[PDB]
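I have placed the structure first, in the form of C-alpha cells, so that the comments after it can refer back to it.
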RNA sequence: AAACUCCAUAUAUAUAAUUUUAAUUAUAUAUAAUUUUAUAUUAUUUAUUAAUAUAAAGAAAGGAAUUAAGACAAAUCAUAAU
Ligand SMILES: [Mg+2]
Ligand SMILES: [Mg+2]
Ligand SMILES: [Mg+2]
Ligand SMILES: [Mg+2]
Ligand SMILES: [Mg+2]
Ligand SMILES: [Mg+2]
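Residue numbers (the entry's author numbering), protein chains in the order written: chain I, 33 to 278; chain E, 14 to 205; chain 7, 196 to 217; chain B, 40 to 111, 123 to 394; chain J, 16 to 153; chain C, 3 to 398; chain G, 51 to 99.
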C-alpha cells in the first residue's frame, strides 16, 4: 500500500488556508440551503448570537495573517446562515455555527442592591478634590444640616448652597427631603460639590427611574479633577523657569 | 474530627500522630472554615507535608535561612557538584527542541545539505560526499550611510562534483567571512 | 522523592534566648 | 394527545401569575395568620409515615436535583422544529414554503422540456471529456476572441487565425490540439498521484477552481499568490500542516514528525488561468522545476509555460470551459488509479 | 477514598483561625514593619495561625498607614540641574493585638515567632501589665 | 411554622387565579400534575443562586487565565510564589530595623563583607595555576534572629568530566574555601561575622554550572577571564560561541503553552469543585453549608484532584528559559586608533509575551527594571585604561 | 407513585426528563430575575412621567 | 512606538472586638475602559466603510516612569575609579 505526503487543506497554497477552508465550509452550507427564506422578524429576534471576537477568530483559525475584511466577511456569512427561519433550519447549520457563536456566558449572581435603612434614611458618600461628604437623606420638608451647623453658617458662599441644591431642583424635590451632611477634607467648594454628588447618588434609591435624568444633569458623574503634582526642575506643574536664548 | 485512629498510623509516621491527635482535640468539629483571598499561604497543589521532597524542600545538612541545624551539625562537605538537581526527567527541554549534538559541526557542508534538503529536497548524502568546495574571491565591501562606513563581507564560491555538475554562488554577510561563504555555498548548490 | 521528616517539639527551653528583652 | 398538543401552546399560566402574586405583600400581614393555624391542624391523626415519605420526596427532588450532570441519531424526519397549524386556520408562511417546494419538485416542471439552451453551471459541473470537444464548442465558449490589435504580442503570431472587429482571432484547431495535450498531461499526473495546483486570481474564478480541485483531489489558489511560495516554502508555509495518505487517498491519522511536517511540499503540476497577472508564479515554477499549463492570449508570452493552451482568458465562460475539461481529465485519471489499487 | 488528610493539614489551606475575646483586656500589641508587604502579610498570617494553637486571642492584621520617604537628586555627576530624579521608600505597617492571655503564654508566642521570623520584617511589642496602686518591692 | 396550611392558602390563591369567587382553576390532576413541578422549578432556581454563591466564595487560582477562555473562573491571583519575584529580592540587603542608625550600620557591614567575599575568591595552586571563582552579588537576609549571606558561584573550570572518581580522595582549592566558610567548628567565617552583626550568621554558596544563567557571573567572567580574547579585537571563534551559547527558542509557542497549561489547571480545579458541588452533598442535607459565612465544600483531597507536587509545581514556574542576551564591550579595547570603541552582540528577544495575552502582569523591579530582565556592568583595567562589559539577559 | 414511576422511566439528562410545557427544557438561569427587577410604584411612575 | 508598570478612579471581598477613629478611614486581592451600542447626514475602496449628529448606559476624565541608533571629540580626570 503506497504511502505519500500531501497538505492537509485544499487551500494550503493560498494566503490564509484556515480562513479560506472555514469560509468554504460555510459557503457549502449556504449554497446547499439557499432556499429556506430568512426570518422576517428582526432586531427583536435577530443578532442574538454573540459570535466570537476578532482575537478569538485569530486564535482558532486566523493567526497573525487574519485580516479584518476576512473576519467581517466571516461574520457576515455567519449572520446570513443564522438569520434563517428557526423552524426550517437544520442540525447541519446549527452544528456548523455552534463553534462560532460560542460565548463564555458567565453566570451573574452579584447584585448588591441598595435599600433604605431601618429609619428610612438613604446613606451616600461623595468625593471631590480632597474632600469627602456622607449624606443622610430622609424624606420630609426642606431642612438641611451641614456638620451639625446651619447651611448659611457652614457655607458663606451662595454658589456652594446652590450646588448643594442642584440635584433637588433638577428632580424638583427641594421641599421633599431632609439632608444631614457630614463632610471632611478640602475646602468650601470641594465639600459642597462632594455633598451635591452624595445627594445625587442617594436620591436614586427612592425613585430609581430618574437615574437617567440625574446622569443627564451630570450630578451622578464624579469629578476626577485634582491638583497635579510638582515636577522636578519645574517651578510648578506645567511651569518651568524663564528660558534664556544664550 | 474527620478521622480518628482510622488507620491513620498506616498513612502517617508514628512521629506525627501526636500532632494530629492534638489538632483533633483542639480544633472543634463544625469549624466554619473560609478560604483566604488577600494572602496566599498553602501551595496551589495538594500535599501532606510528610516527606521532604528534593528540589522543593531545603536540603538537610546544608546552610540556609529558616534552618534548624547548628553550626556543628551541617553535613555538606563537597561543593564540586550542583546540590539538589532537577526532579522528574532532570531536564527542561521545551516542546519540539533537541539537546545539542555534533550535528556535523565539523563540516558546514552538513548544515548546508540539511538546509537545502529541508527547503528543496535535494540529497544531503550527495551534497556532503560528492561535492567539492572552492572560494574564488573573498573581499570586503563597504557602504557609506548616515552612521558611517558599513563594511560587508562578500564571497563567491564554486561548488562542483568533478563529473559534470558545476555551480557558483555569491554570499554577502555583515559579521564574518564564514557566514559569507556559507551563504555562497548555499546559493551555489541551489544554482548547480 | 521520599525522605523521613524528623520532629522535635518546640519546648520552652528551645524557645528560650528569644523571649522579649523587656 | 392532539388536544394536549393544541391547547393554545401556553396554558396553566395562572399558576405562574399566582406564584408571582403573594410576594409583593409584606410578610408581617400574612405569615402570622398562617402560622397561628398549625396548633389547630396538628389534631391527632397519624402522620409519621406520610411525613417521612414527604421528607424523602423533598430530599430526593428539591435537594438532590443535579443542575449539571456527568463528570465533565438519524435525522429521519425533516423540519422537526417545524410545527403544524390549526386545521381551521390558514397556512403558516413555513407551510406555504414547504407546499411551494412540493409544487416545484412535482408540478412546476410540467409543460415543455428545454433543449439547445446554455446553462452556465453545467460548464463547471458536467464538463465534456477531452476527446469529445469540438471547435464549435470552443467557439461557443468564446475561446477564440483575443486582445485588440493594438496590444498584440508578436511572439504569438503562430496562434492567430486573423483579425476581426479590431481584435485577433485565435485558431481553435491549434487550441484544441494543445488542450488535448494539456488534458493528457494533467491526467497523467493524476494517475501518478502528484499534486496539481490550479491558480486563478481574476474575479469569479473561485467556483471553478474549487470544483476542479475537489474533483481531482488537488489544490487551488484564488486570492493571491504569495511570492516565495515555492522558492521560500520553509518560511511562507512551514507553519501549516500536512497529511499522510494511502494509495486510495484516505487520511490514515498517523502522527508526523516536526521535521517531516516542516519539509517543503512542492506541486507536481501548476495550472495558471491568468498567466499575465501571475508572472511571479511562473518564474518560481520554472526556477523550481515544476511543469506548468496556462491559457495564452494574444498578449502573453508562450515560452514561460511548458504546455500553453492558446485561448481567451478575460471571459469566465472560456476559462471555465477549459478548466473543467482539464478537471475531468484529472478526475478520470484519479478514477483509474482508485480502481487499480482497489482491485489489482 | 484516598489517604485521609487530618484537620491540622487541612487548616493550612484556609484562613487562620481565631479565638473569641471573653473579657476584653489588651495584654500585648505587636506592630510589624517592613518594606515588603508580601513577607509582612505572610508572617502575620503565620502569627495568627500559631496564636490559635497556643490559645491567644489575636485580633488580626490591621493595616496601619504606610509611610513614604521621598528624596530628589540630580541625575548627573556634574552640572546638569534641570534634570532631577525622585526616589521613594515605603514602610508598611501591620498590627496584631493580643487579648486575654497569660504573660508566659504570650512570652512563648513571641519567642516562637522570633525563632521563625522572616527576612525584612521588624517587630515592636508593647506589653501591658495591670498592677495595684501600692507594690511590696522589698 | 409548617407548610401544612400554607398549601391550603396557595390552593385558595389558585382559586383566585381562576376567579376570586370560583371553586377552583383549570386542574388536570387537582393542580398537581405540573404545579408541583413549577414549585420544584423555583426551588431549584434558589439552589442555582445559592450554588453559584457557594462556588464563587470559595475560589482561589493562579493567574494566567486567558480571557478568551470560557470555563475560566472569576478568581485570579498573580502573587503565587512560583510566578513572581518577591520584591524583597530586589534589594541586596533585606532588613528593617526600627533604629535607622543600626540599619545604616548593617548596610555598611553588608557592603564591606561583600567586597571581602570578592577578594577572598581568587586562589593559587602552583604559581602557574590561577583559579578564579566568579561569584554573584550577596543576598543579605536579616531576620529578627539570624543573618544569612547567599550567593551563586561558578568555578572557572570544574574537574574534567571524563576524569575518573580520583576527586574523591582530595579536596579542591574551592572545596577548601567553601568548607571554611561555615563548616569549620570554631574557625568558620560565620563566627567572625557574628561579632560585627551580633547575630547568628549563615552562608550559602549555591553552585551554577553555566555562566550565562546569571548576569553577574557572566559579565564578571568576560571582564576578568576573557581579556586576551578581545583586548586587541574580538576573536571570531569567541564571538561565535558567545552568540550560539543558547538555541533559538520560539518565545511565542513557549508563552502560548504556558498560558494554556494555566488554563487547564484552573479549569480542572473548577471541574473538581463542580463535581463536589453536584455529585456530593447527597447524604449531607442542604442548609448545613450556611452560605452566609461558611463555605466548606468537602475533603481537600477532592477539592484538589490530580494536583500533586509531581505535575503542578514545575509547569507554572516562570523565568525558566533564556530567550535573549546582549553584550556590550566598551572602552579602549584596541591598540590601533587609540580611541573609544563599542561592540554590541545582541541575540534573541527582550520582551515576555506571556504578559501580553494573559492576565499575568509585569512588575518593575526598583520601579525601573522589568521583572524578566537581569543586567550587570563590570569594569576592569587594561594597559590602555578602563573598559566595561555590560550584559543584559531576558528570561521567559 | 406515578411521579416516581415517570422519573424512573427516563434515563437521560435531568432537564430532558423535566421538560416543562412552555418550552425551556433547560432550567439554568442567571440572577434572581434581576432583569425584570422590582416593579416600580404608582407614585414613582407619576413623578417620573 | 504602543501595551505591561506607579499615583490617581470607581466597585466589590478581607482585616479593625470603631478607647492608635480619621469606618467620611487604612491597605491587601480582584474587576472595569486604549469605553459600548442605536438610529442621522455627508459622503465613499459598498456597505465591511469612516466624520459628525447624540436617544441611550457607564463612576470613567487625568498624571509620570520609560526619550532607541547615531551623533555635537557637548559637560564631567573636583562624586569616586582610571
Ligand atoms: Mg497649587
Ligand atoms: Mg487578456
Ligand atoms: Mg512606552
Ligand atoms: Mg538617542
Ligand atoms: Mg571644558
Ligand atoms: Mg580622585
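Quick reminder that beta carbons are idealized off the backbone N, C-alpha and C, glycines included.
Going along chain B, which residues have a C-beta under 7 Å from residue i?
i, result
"residue 72 (chain G)", "49"
"residue 95 (chain G)", "Ordered by position in chain B, no residue passes the 7 Å Cβ test against residue 95 (chain G), which lies about 15 Å from the chain."
Residues of chain E with a CB under 8 Å from the CB of residue i: which are they?
i, result
"residue 148 (chain C)", "78"
Tell me which residues share the same chain as residue i and place their Cβ nearer than 6 Å to its Cβ, disregarding the 5 neighbours each side in the sequence.
i, result
"residue 317 (chain C)", "263"
"residue 319 (chain C)", "84"
"residue 257 (chain C)", "355, 356"
"residue 116 (chain J)", "42, 71"
So, for residue i: in the same chain, excluding its five sequence neighbours on each side, which residues have a beta-carbon less than 8 Å away from its beta-carbon?
i, result
"residue 278 (chain B)", "285, 286, 334"
"residue 155 (chain E)", "162, 163, 164, 165"
"residue 187 (chain E)", "163, 165, 166"
"residue 82 (chain I)", "133, 135"
"residue 121 (chain I)", "68"
"residue 223 (chain B)", "185"
Using the three-state DSSP reduction, which class does residue i fall into: helix, strand or coil?
i, result
"residue 273 (chain B)", "coil"
"residue 57 (chain I)", "helix"
"residue 218 (chain B)", "strand"
"residue 138 (chain I)", "coil"
"residue 64 (chain I)", "helix"
"residue 159 (chain B)", "coil"
"residue 236 (chain I)", "helix"
"residue 344 (chain B)", "strand"
List, in order along the chain, the chain 7 residues whose C-beta lies closer than 7 Å to that of residue i?
i, result
"residue 123 (chain J)", "207, 210"
For residue i, collect the residues of the same chain with a Cβ closer than 7 Å to its Cβ; drop the 5 residues on either side in sequence, then sort them by chain order.
i, result
"residue 378 (chain B)", "177, 179"
"residue 363 (chain C)", "80, 357"
Which residues in chain I have a C-beta closer than 7 Å to the C-beta of residue i? List them in chain order.
i, result
"residue 335 (chain B)", "By Cβ distance, chain I contributes nothing, its closest Cβ being about 12 Å from residue 335 (chain B), past 7 Å."
"residue 87 (chain J)", "264"
"residue 355 (chain C)", "What residue 355 (chain C) touches in chain I: nothing, since even the nearest Cβ is about 12 Å away."
By the criterion of Cβ-Cβ separation under 9 Å, what are the contact partners of residue i in chain C?
i, result
"residue 98 (chain I)", "Per Cβ cutoff of 9 Å: no residues; residue 98 (chain I) is ~14 Å from chain C at best."
List the residues of chain J whose Cβ lies closer than 9 Å to the Cβ of residue i, in chain order.
i, result
"residue 37 (chain E)", "21, 22, 23"
At a Cβ cut of 7 Å, what residues of the region 263-275 of chain I count as close to chain J, listed as they run along the chain?
-> 264, 265
Inter-stretch contact (C-beta, 8 Å, three-pair minimum) for the region 31-50 of chain J and the region 134-144 of chain J
yes
Determine, using beta-carbon pairs with one atom in the region 53-68 of chain G and one in the region 233-251 of chain C, whether at least three such pairs fall under 8 Å.
-> no
The region 306-323 of chain B / the region 243-254 of chain B touching (three or more Cβ pairs under 8 Å): yes
Worksheet entry | Stretch-stretch touch, CB-based, cutoff 8 Å, three pairs: the region 251-265 of chain B with the region 373-386 of chain B | yes
| Does the region 64-71 of chain E touch the region 282-289 of chain C, meaning 3 or more C-beta pairs lie closer than 8 Å? | no
Examine the Cβ distances between the region 36-52 of chain I and the region 287-294 of chain B and report whether three or more of them are shorter than 8 Å. yes
What are the residues in the region 80-113 of chain C lying within 8 Å of chain J by C-beta distance? 81, 88, 89, 90, 93, 96, 97, 98, 99, 100
- Any contact of the region 301-309 of chain B with the region 226-245 of chain B, i.e. 3+ C-beta pairs under 8 Å? no
Taking 8 Å as the threshold, find out whether the region 172-179 of chain E comes into contact with the region 73-88 of chain E through three or more Cβ pairs. no
- [ ] Check whether the region 257-273 of chain C touches the region 68-75 of chain B, taking contact to mean three or more Cβ pairs, one atom from each stretch, closer than 8 Å.
- [x] no
Just checking, does the region 341-353 of chain B make contact with the region 158-175 of chain B on the three C-beta pairs under 8 Å criterion? no
Residues of the region 254-270 of chain C whose Cβ lies closer than 7 Å to any Cβ of chain G, in chain order: none
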